[PDB]
>>> print(open('upload.cif').read())   # mmCIF, N, CA and C atoms
data_start
loop_
_atom_site.label_atom_id
_atom_site.label_comp_id
_atom_site.auth_asym_id
_atom_site.auth_seq_id
_atom_site.Cartn_x
_atom_site.Cartn_y
_atom_site.Cartn_z
N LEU Q 1 0.81 -1.22 0.00
CA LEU Q 1 0.00 0.00 0.00
C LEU Q 1 0.84 1.27 0.00
N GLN Q 2 2.17 1.14 0.01
CA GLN Q 2 3.12 2.24 -0.17
C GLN Q 2 2.72 3.50 0.60
N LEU Q 3 2.64 3.35 1.93
CA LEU Q 3 2.45 4.52 2.79
C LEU Q 3 3.70 5.38 2.89
N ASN Q 4 4.84 4.91 2.38
CA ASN Q 4 6.08 5.66 2.47
C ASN Q 4 5.94 7.04 1.86
N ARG Q 5 5.37 7.12 0.66
CA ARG Q 5 5.18 8.41 0.00
C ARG Q 5 4.20 9.31 0.73
N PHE Q 6 3.40 8.77 1.66
CA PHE Q 6 2.36 9.53 2.33
C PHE Q 6 2.68 9.78 3.80
N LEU Q 7 2.99 8.74 4.57
CA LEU Q 7 3.26 8.90 6.00
C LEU Q 7 4.30 7.87 6.43
N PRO Q 8 5.55 8.29 6.65
CA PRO Q 8 6.51 7.43 7.32
C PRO Q 8 6.55 7.72 8.81
N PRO Q 9 7.25 6.90 9.60
CA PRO Q 9 7.59 7.30 10.97
C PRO Q 9 8.36 8.61 10.96
N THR Q 10 7.81 9.62 11.64
CA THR Q 10 8.31 10.98 11.56
C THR Q 10 8.70 11.50 12.94
N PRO Q 11 9.90 12.06 13.11
CA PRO Q 11 10.27 12.59 14.43
C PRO Q 11 9.55 13.90 14.75
N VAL Q 12 9.43 14.15 16.05
CA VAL Q 12 8.82 15.38 16.57
C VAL Q 12 9.65 15.84 17.76
N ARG Q 13 10.22 17.04 17.66
CA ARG Q 13 11.13 17.58 18.66
C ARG Q 13 10.38 18.58 19.53
N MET Q 14 10.46 18.40 20.85
CA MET Q 14 9.85 19.31 21.81
C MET Q 14 10.87 19.64 22.89
N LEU Q 15 10.77 20.86 23.41
CA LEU Q 15 11.70 21.36 24.43
C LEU Q 15 10.88 22.01 25.54
N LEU Q 16 10.83 21.36 26.70
CA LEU Q 16 9.95 21.77 27.79
C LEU Q 16 10.76 22.19 29.00
N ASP Q 17 10.43 23.36 29.54
CA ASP Q 17 11.00 23.81 30.80
C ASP Q 17 10.19 23.21 31.95
N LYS Q 18 10.39 23.72 33.16
CA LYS Q 18 9.66 23.19 34.31
C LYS Q 18 8.15 23.34 34.12
N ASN Q 19 7.71 24.50 33.64
CA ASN Q 19 6.29 24.78 33.48
C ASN Q 19 5.74 24.27 32.15
N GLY Q 20 6.48 23.43 31.44
CA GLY Q 20 5.99 22.86 30.20
C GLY Q 20 5.78 23.86 29.08
N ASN Q 21 6.73 24.77 28.88
CA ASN Q 21 6.70 25.73 27.79
C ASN Q 21 7.61 25.27 26.67
N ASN Q 22 7.17 25.48 25.43
CA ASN Q 22 7.89 24.98 24.27
C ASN Q 22 8.98 25.96 23.85
N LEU Q 23 10.19 25.43 23.62
CA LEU Q 23 11.29 26.21 23.08
C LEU Q 23 11.92 25.56 21.86
N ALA Q 24 11.32 24.50 21.31
CA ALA Q 24 11.91 23.83 20.16
C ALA Q 24 11.97 24.75 18.95
N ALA Q 25 10.89 25.49 18.69
CA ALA Q 25 10.82 26.34 17.51
C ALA Q 25 11.58 27.65 17.68
N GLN Q 26 11.95 28.01 18.90
CA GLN Q 26 12.66 29.26 19.14
C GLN Q 26 14.16 29.13 18.93
N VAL Q 27 14.71 27.94 19.14
CA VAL Q 27 16.12 27.67 18.90
C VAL Q 27 16.23 26.30 18.24
N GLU Q 28 17.09 26.21 17.23
CA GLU Q 28 17.27 24.95 16.53
C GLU Q 28 18.15 24.00 17.33
N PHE Q 29 18.09 22.72 16.96
CA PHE Q 29 18.83 21.71 17.69
C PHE Q 29 20.34 21.93 17.58
N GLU Q 30 20.82 22.28 16.39
CA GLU Q 30 22.26 22.29 16.16
C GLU Q 30 22.96 23.37 16.98
N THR Q 31 22.47 24.61 16.90
CA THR Q 31 23.08 25.68 17.69
C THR Q 31 22.97 25.37 19.17
N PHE Q 32 21.88 24.74 19.57
CA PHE Q 32 21.73 24.31 20.95
C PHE Q 32 22.78 23.26 21.31
N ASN Q 33 23.16 22.42 20.35
CA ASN Q 33 23.92 21.22 20.68
C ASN Q 33 25.33 21.54 21.14
N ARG Q 34 25.93 22.62 20.64
CA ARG Q 34 27.30 22.94 21.03
C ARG Q 34 27.41 23.21 22.53
N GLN Q 35 26.35 23.74 23.14
CA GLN Q 35 26.41 24.09 24.55
C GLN Q 35 26.46 22.84 25.43
N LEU Q 36 25.69 21.81 25.08
CA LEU Q 36 25.60 20.64 25.94
C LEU Q 36 26.95 19.96 26.08
N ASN Q 37 27.19 19.42 27.27
CA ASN Q 37 28.33 18.54 27.52
C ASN Q 37 27.94 17.61 28.66
N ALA Q 38 28.09 16.31 28.45
CA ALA Q 38 27.70 15.35 29.47
C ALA Q 38 28.56 15.52 30.72
N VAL Q 39 27.98 15.15 31.86
CA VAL Q 39 28.66 15.27 33.15
C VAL Q 39 28.58 13.91 33.84
N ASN Q 40 29.04 13.84 35.09
CA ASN Q 40 29.34 12.57 35.75
C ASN Q 40 28.19 11.59 35.64
N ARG Q 41 28.55 10.31 35.71
CA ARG Q 41 27.61 9.20 35.64
C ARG Q 41 26.96 8.96 36.99
N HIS Q 42 26.47 7.74 37.22
CA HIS Q 42 25.30 7.43 38.03
C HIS Q 42 25.09 8.31 39.26
N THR Q 43 26.17 8.73 39.93
CA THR Q 43 26.01 9.72 40.99
C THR Q 43 25.20 10.91 40.49
N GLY Q 44 25.52 11.38 39.28
CA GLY Q 44 24.74 12.45 38.69
C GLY Q 44 23.30 12.06 38.45
N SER Q 45 23.07 10.84 37.96
CA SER Q 45 21.70 10.41 37.69
C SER Q 45 20.87 10.42 38.96
N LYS Q 46 21.42 9.90 40.05
CA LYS Q 46 20.71 9.92 41.33
C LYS Q 46 20.49 11.35 41.79
N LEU Q 47 21.52 12.19 41.72
CA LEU Q 47 21.40 13.55 42.25
C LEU Q 47 20.32 14.32 41.51
N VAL Q 48 20.25 14.16 40.19
CA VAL Q 48 19.27 14.91 39.42
C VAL Q 48 17.89 14.25 39.50
N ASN Q 49 17.83 12.93 39.63
CA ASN Q 49 16.56 12.23 39.74
C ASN Q 49 15.99 12.27 41.14
N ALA Q 50 16.70 12.88 42.09
CA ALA Q 50 16.10 13.17 43.40
C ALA Q 50 14.74 13.83 43.29
N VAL Q 51 14.45 14.52 42.18
CA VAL Q 51 13.15 15.14 41.94
C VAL Q 51 12.56 14.62 40.63
N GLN Q 52 12.83 13.36 40.30
CA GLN Q 52 12.41 12.81 39.01
C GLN Q 52 10.90 12.66 38.87
N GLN Q 53 10.14 12.71 39.97
CA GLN Q 53 8.69 12.58 39.87
C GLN Q 53 8.10 13.64 38.96
N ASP Q 54 8.71 14.83 38.93
CA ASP Q 54 8.21 15.91 38.09
C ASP Q 54 8.13 15.50 36.63
N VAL Q 55 9.03 14.62 36.19
CA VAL Q 55 9.00 14.17 34.80
C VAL Q 55 7.66 13.53 34.48
N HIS Q 56 7.14 12.72 35.41
CA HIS Q 56 5.82 12.12 35.21
C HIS Q 56 4.77 13.20 34.99
N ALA Q 57 4.86 14.30 35.74
CA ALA Q 57 3.96 15.42 35.49
C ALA Q 57 4.27 16.09 34.16
N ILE Q 58 5.56 16.22 33.82
CA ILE Q 58 5.94 16.97 32.62
C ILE Q 58 5.29 16.37 31.39
N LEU Q 59 5.23 15.03 31.31
CA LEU Q 59 4.58 14.38 30.19
C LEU Q 59 3.15 14.88 30.03
N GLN Q 60 2.40 14.94 31.14
CA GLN Q 60 1.01 15.37 31.07
C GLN Q 60 0.90 16.78 30.49
N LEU Q 61 1.94 17.60 30.68
CA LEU Q 61 2.02 18.87 29.97
C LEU Q 61 2.56 18.66 28.56
N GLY Q 62 3.69 17.97 28.43
CA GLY Q 62 4.32 17.83 27.13
C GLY Q 62 3.42 17.15 26.12
N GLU Q 63 2.83 16.01 26.51
CA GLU Q 63 1.80 15.39 25.69
C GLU Q 63 0.72 16.41 25.37
N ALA Q 64 0.19 17.07 26.40
CA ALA Q 64 -0.87 18.05 26.19
C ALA Q 64 -0.43 19.17 25.26
N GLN Q 65 0.87 19.45 25.20
CA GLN Q 65 1.37 20.50 24.32
C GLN Q 65 1.87 19.98 22.98
N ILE Q 66 2.13 18.68 22.86
CA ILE Q 66 2.61 18.10 21.61
C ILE Q 66 1.57 17.22 20.94
N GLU Q 67 0.62 16.67 21.69
CA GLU Q 67 -0.47 15.91 21.08
C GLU Q 67 -1.18 16.76 20.04
N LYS Q 68 -1.55 17.99 20.40
CA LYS Q 68 -2.13 18.91 19.42
C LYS Q 68 -1.18 19.10 18.25
N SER Q 69 0.12 19.25 18.53
CA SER Q 69 1.09 19.37 17.46
C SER Q 69 1.04 18.14 16.56
N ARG V 1 49.38 2.61 49.19
CA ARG V 1 49.48 1.43 50.04
C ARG V 1 50.61 0.53 49.54
N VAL V 2 51.22 -0.22 50.45
CA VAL V 2 52.34 -1.11 50.14
C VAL V 2 52.07 -2.53 50.60
N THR V 3 51.74 -2.71 51.88
CA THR V 3 51.37 -4.01 52.42
C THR V 3 49.87 -4.05 52.66
N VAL V 4 49.36 -5.25 52.89
CA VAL V 4 47.93 -5.45 53.09
C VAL V 4 47.67 -6.27 54.34
N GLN V 5 48.64 -6.30 55.26
CA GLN V 5 48.47 -7.09 56.47
C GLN V 5 47.33 -6.55 57.32
N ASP V 6 47.18 -5.23 57.38
CA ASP V 6 46.15 -4.63 58.22
C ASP V 6 44.76 -5.03 57.75
N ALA V 7 44.60 -5.30 56.45
CA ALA V 7 43.30 -5.68 55.92
C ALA V 7 42.97 -7.15 56.15
N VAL V 8 43.95 -7.97 56.51
CA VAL V 8 43.68 -9.40 56.68
C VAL V 8 42.71 -9.64 57.82
N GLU V 9 42.99 -9.06 58.99
CA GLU V 9 42.14 -9.31 60.15
C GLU V 9 40.78 -8.63 60.01
N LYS V 10 40.72 -7.54 59.25
CA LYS V 10 39.43 -6.88 59.05
C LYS V 10 38.46 -7.79 58.31
N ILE V 11 38.94 -8.50 57.29
CA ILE V 11 38.16 -9.52 56.59
C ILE V 11 39.01 -10.79 56.66
N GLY V 12 38.79 -11.59 57.70
CA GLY V 12 39.64 -12.75 57.92
C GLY V 12 39.44 -13.82 56.86
N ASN V 13 40.42 -13.93 55.97
CA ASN V 13 40.47 -14.95 54.92
C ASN V 13 41.56 -14.62 53.92
N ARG V 14 41.75 -13.33 53.64
CA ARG V 14 42.78 -12.84 52.72
C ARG V 14 42.43 -13.10 51.26
N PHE V 15 41.37 -13.86 51.00
CA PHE V 15 40.80 -13.99 49.67
C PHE V 15 39.43 -13.35 49.58
N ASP V 16 38.58 -13.56 50.58
CA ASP V 16 37.36 -12.76 50.66
C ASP V 16 37.69 -11.28 50.78
N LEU V 17 38.85 -10.95 51.35
CA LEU V 17 39.33 -9.58 51.28
C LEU V 17 39.49 -9.14 49.84
N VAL V 18 40.06 -10.00 48.99
CA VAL V 18 40.28 -9.63 47.60
C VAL V 18 38.95 -9.35 46.91
N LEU V 19 37.99 -10.26 47.05
CA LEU V 19 36.72 -10.09 46.34
C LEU V 19 35.91 -8.93 46.89
N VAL V 20 35.93 -8.73 48.21
CA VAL V 20 35.20 -7.60 48.78
C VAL V 20 35.81 -6.28 48.32
N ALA V 21 37.14 -6.19 48.33
CA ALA V 21 37.80 -4.98 47.85
C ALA V 21 37.51 -4.77 46.37
N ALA V 22 37.45 -5.85 45.59
CA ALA V 22 37.12 -5.71 44.18
C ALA V 22 35.70 -5.21 43.99
N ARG V 23 34.77 -5.70 44.82
CA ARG V 23 33.41 -5.19 44.79
C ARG V 23 33.39 -3.69 45.02
N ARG V 24 34.04 -3.25 46.10
CA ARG V 24 34.04 -1.82 46.41
C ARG V 24 34.72 -1.01 45.31
N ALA V 25 35.83 -1.52 44.78
CA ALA V 25 36.55 -0.80 43.74
C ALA V 25 35.71 -0.68 42.47
N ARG V 26 35.02 -1.76 42.09
CA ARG V 26 34.14 -1.68 40.93
C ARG V 26 33.03 -0.68 41.17
N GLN V 27 32.50 -0.64 42.40
CA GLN V 27 31.51 0.39 42.74
C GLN V 27 32.09 1.78 42.56
N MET V 28 33.37 1.96 42.90
CA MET V 28 34.00 3.27 42.90
C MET V 28 34.66 3.65 41.58
N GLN V 29 34.67 2.76 40.59
CA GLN V 29 35.36 3.05 39.33
C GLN V 29 34.41 3.55 38.25
N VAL V 30 33.36 2.78 37.94
CA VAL V 30 32.33 3.21 37.00
C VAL V 30 30.97 3.33 37.66
N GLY V 31 30.74 2.69 38.80
CA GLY V 31 29.49 2.84 39.50
C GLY V 31 29.46 4.09 40.35
N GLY V 32 30.22 5.12 39.97
CA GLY V 32 30.17 6.38 40.68
C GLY V 32 30.47 6.16 42.14
N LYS V 33 29.72 6.84 43.00
CA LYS V 33 29.74 6.57 44.43
C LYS V 33 31.15 6.72 44.99
N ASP V 34 31.62 7.97 45.02
CA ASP V 34 33.00 8.32 45.35
C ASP V 34 33.46 7.67 46.64
N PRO V 35 34.77 7.46 46.82
CA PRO V 35 35.25 6.85 48.06
C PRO V 35 34.95 7.73 49.27
N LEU V 36 34.79 7.08 50.41
CA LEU V 36 34.52 7.78 51.66
C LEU V 36 35.79 8.28 52.34
N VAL V 37 36.96 8.03 51.76
CA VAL V 37 38.22 8.53 52.30
C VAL V 37 38.92 9.29 51.17
N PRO V 38 39.73 10.30 51.46
CA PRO V 38 40.40 11.03 50.38
C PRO V 38 41.43 10.17 49.67
N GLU V 39 41.67 10.49 48.41
CA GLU V 39 42.64 9.79 47.59
C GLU V 39 43.88 10.65 47.40
N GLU V 40 44.99 9.98 47.10
CA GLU V 40 46.31 10.60 46.95
C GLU V 40 46.90 10.25 45.60
N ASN V 41 46.11 10.45 44.54
CA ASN V 41 46.35 9.94 43.20
C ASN V 41 46.20 8.43 43.13
N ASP V 42 45.72 7.80 44.19
CA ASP V 42 45.62 6.36 44.24
C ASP V 42 44.55 5.86 43.28
N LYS V 43 44.80 4.69 42.71
CA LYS V 43 43.76 4.03 41.95
C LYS V 43 42.57 3.72 42.85
N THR V 44 41.44 3.41 42.21
CA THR V 44 40.23 3.10 42.98
C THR V 44 40.44 1.88 43.86
N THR V 45 41.15 0.88 43.36
CA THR V 45 41.33 -0.36 44.11
C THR V 45 42.11 -0.11 45.40
N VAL V 46 43.17 0.70 45.34
CA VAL V 46 43.93 0.97 46.55
C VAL V 46 43.09 1.77 47.53
N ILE V 47 42.20 2.63 47.04
CA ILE V 47 41.32 3.36 47.94
C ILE V 47 40.35 2.39 48.61
N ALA V 48 39.89 1.39 47.87
CA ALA V 48 39.02 0.38 48.46
C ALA V 48 39.74 -0.37 49.58
N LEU V 49 40.97 -0.80 49.32
CA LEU V 49 41.76 -1.46 50.36
C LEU V 49 41.97 -0.53 51.55
N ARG V 50 42.23 0.75 51.28
CA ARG V 50 42.47 1.71 52.34
C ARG V 50 41.24 1.83 53.24
N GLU V 51 40.06 1.95 52.64
CA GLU V 51 38.84 2.06 53.43
C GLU V 51 38.54 0.77 54.17
N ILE V 52 38.84 -0.38 53.55
CA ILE V 52 38.68 -1.66 54.24
C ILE V 52 39.53 -1.67 55.50
N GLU V 53 40.77 -1.20 55.39
CA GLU V 53 41.62 -1.09 56.57
C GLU V 53 41.05 -0.10 57.57
N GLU V 54 40.43 0.98 57.08
CA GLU V 54 39.77 1.93 57.96
C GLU V 54 38.56 1.32 58.65
N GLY V 55 38.02 0.22 58.13
CA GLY V 55 36.93 -0.48 58.76
C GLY V 55 35.54 0.00 58.37
N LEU V 56 35.43 1.07 57.60
CA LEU V 56 34.13 1.60 57.22
C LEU V 56 33.55 0.90 55.99
N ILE V 57 34.27 -0.04 55.39
CA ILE V 57 33.77 -0.82 54.26
C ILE V 57 33.97 -2.29 54.56
N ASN V 58 32.91 -3.08 54.40
CA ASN V 58 32.98 -4.52 54.52
C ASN V 58 31.88 -5.11 53.64
N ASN V 59 31.97 -6.42 53.40
CA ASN V 59 30.99 -7.08 52.55
C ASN V 59 29.58 -6.88 53.08
N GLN V 60 29.43 -6.91 54.41
CA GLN V 60 28.12 -6.67 55.00
C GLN V 60 27.61 -5.27 54.65
N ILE V 61 28.48 -4.27 54.73
CA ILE V 61 28.06 -2.90 54.43
C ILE V 61 27.67 -2.78 52.96
N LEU V 62 28.47 -3.36 52.07
CA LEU V 62 28.15 -3.29 50.64
C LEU V 62 26.82 -3.96 50.35
N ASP V 63 26.58 -5.13 50.96
CA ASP V 63 25.31 -5.81 50.76
C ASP V 63 24.15 -4.99 51.30
N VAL V 64 24.34 -4.35 52.46
CA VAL V 64 23.29 -3.53 53.04
C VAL V 64 22.93 -2.39 52.10
N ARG V 65 23.94 -1.69 51.58
CA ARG V 65 23.67 -0.57 50.69
C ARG V 65 23.04 -1.04 49.38
N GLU V 66 23.53 -2.16 48.83
CA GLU V 66 22.95 -2.68 47.60
C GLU V 66 21.48 -3.04 47.79
N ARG V 67 21.16 -3.71 48.90
CA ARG V 67 19.77 -4.05 49.18
C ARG V 67 18.93 -2.79 49.37
N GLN V 68 19.48 -1.80 50.08
CA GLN V 68 18.74 -0.57 50.34
C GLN V 68 18.37 0.13 49.04
N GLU V 69 19.31 0.23 48.11
CA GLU V 69 19.00 0.89 46.84
C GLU V 69 18.18 -0.02 45.93
N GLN V 70 18.29 -1.34 46.10
CA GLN V 70 17.47 -2.26 45.33
C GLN V 70 16.01 -2.21 45.75
N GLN V 71 15.75 -1.78 46.99
CA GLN V 71 14.39 -1.51 47.44
C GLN V 71 13.81 -0.25 46.82
N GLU V 72 14.61 0.54 46.10
CA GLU V 72 14.19 1.85 45.61
C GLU V 72 13.58 1.79 44.23
#
>>> encode(input="upload.cif", output="structure tokens")
Amino acid sequence: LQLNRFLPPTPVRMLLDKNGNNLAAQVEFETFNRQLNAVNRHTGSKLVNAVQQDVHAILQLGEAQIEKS
Amino acid sequence: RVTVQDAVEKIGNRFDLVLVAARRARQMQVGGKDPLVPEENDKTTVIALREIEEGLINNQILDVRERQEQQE
């Protein structure tokens, strides 16, 4: 049925702050990418995930802000 | 560190000392979780032996912490 020409699996980029505001369209990925640099392993994961419950909430915003998208 | 006599009596066997120190060193090499004693350019393994001699690290303690975080 050649859905390739019509709909393939398509990526969708979203950038959410604490309050679930979108910044994907305000800055592109590439210029953003130079700033990032990874930092320490699992100690870092624990330290930052000390408040990881918020991510569960963030989806309810992010979905709510990207589902329409 | 140079000798390991002080660590023998802390973990009486001299081979279970090896495996327990290896456990702690593996925890401290890629499993993050920095040593509880300062280092002097020492490798992670020597720091593990050093803390074992200090008595604040033993197989029981490692198992307790592993179980505690496994409950998480």
>>> atom_distance(input="upload.cif", atom1="CA of residue 35 (chain V)", atom2="CA of residue 47 (chain V)")
7.0 Å
>>> resolve_selection(input="upload.cif", expression="the PyMOL selection byres ((chain V) within 8 of (chain Q))", output="VMD selection string")
chain V and resid 30 to 34
>>> residues_around(input="upload.cif", residues="residue 16 (chain V)", least_positions_apart="5", cutoff="12 Å", atoms="only C-alpha atoms", output="ChimeraX atom specification")
/V:7-11,21-23,52,58-60
>>> atom_distance(input="upload.cif", atom1="CA of residue 6 (chain V)", atom2="atom C of residue 20 (chain V)")
14.4 Å
>>> atom_distance(input="upload.cif", atom1="CA of residue 19 (chain Q)", atom2="CA of residue 72 (chain V)")
27.1 Å
>>> select_by_dssp(input="upload.cif", residues="chain V", states="helix (DSSP H, G or I)", output="number ranges by chain")
V: 5-10, 16-29, 44-54, 59-70
>>> resolve_selection(input="upload.cif", expression="the PyMOL selection byres ((chain Q and resi 14) around 8)", output="count of residues only")
13
>>> resolve_selection(input="upload.cif", expression="the PyMOL selection byres (((chain V and resi 1 and name CA) around 9) and name CA)", output="VMD selection string")
chain V and resid 2 to 4 42 46 to 47 49 to 50
>>> write_last_selection(input="upload.cif", atoms="N, CA and C atoms", output="PDB file, keeping the file's coordinate frame")
ATOM      1  N   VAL V   2      51.220  -0.220  50.450  1.00  0.00           N
ATOM      2  CA  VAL V   2      52.340  -1.110  50.140  1.00  0.00           C
ATOM      3  C   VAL V   2      52.070  -2.530  50.600  1.00  0.00           C
ATOM      4  N   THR V   3      51.740  -2.710  51.880  1.00  0.00           N
ATOM      5  CA  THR V   3      51.370  -4.010  52.420  1.00  0.00           C
ATOM      6  C   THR V   3      49.870  -4.050  52.660  1.00  0.00           C
ATOM      7  N   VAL V   4      49.360  -5.250  52.890  1.00  0.00           N
ATOM      8  CA  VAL V   4      47.930  -5.450  53.090  1.00  0.00           C
ATOM      9  C   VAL V   4      47.670  -6.270  54.340  1.00  0.00           C
ATOM     10  N   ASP V  42      45.720   7.800  44.190  1.00  0.00           N
ATOM     11  CA  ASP V  42      45.620   6.360  44.240  1.00  0.00           C
ATOM     12  C   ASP V  42      44.550   5.860  43.280  1.00  0.00           C
ATOM     13  N   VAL V  46      43.170   0.700  45.340  1.00  0.00           N
ATOM     14  CA  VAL V  46      43.930   0.970  46.550  1.00  0.00           C
ATOM     15  C   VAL V  46      43.090   1.770  47.530  1.00  0.00           C
ATOM     16  N   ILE V  47      42.200   2.630  47.040  1.00  0.00           N
ATOM     17  CA  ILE V  47      41.320   3.360  47.940  1.00  0.00           C
ATOM     18  C   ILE V  47      40.350   2.390  48.610  1.00  0.00           C
ATOM     19  N   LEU V  49      40.970  -0.800  49.320  1.00  0.00           N
ATOM     20  CA  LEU V  49      41.760  -1.460  50.360  1.00  0.00           C
ATOM     21  C   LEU V  49      41.970  -0.530  51.550  1.00  0.00           C
ATOM     22  N   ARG V  50      42.230   0.750  51.280  1.00  0.00           N
ATOM     23  CA  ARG V  50      42.470   1.710  52.340  1.00  0.00           C
ATOM     24  C   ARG V  50      41.240   1.830  53.240  1.00  0.00           C
TER      25      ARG V  50
END
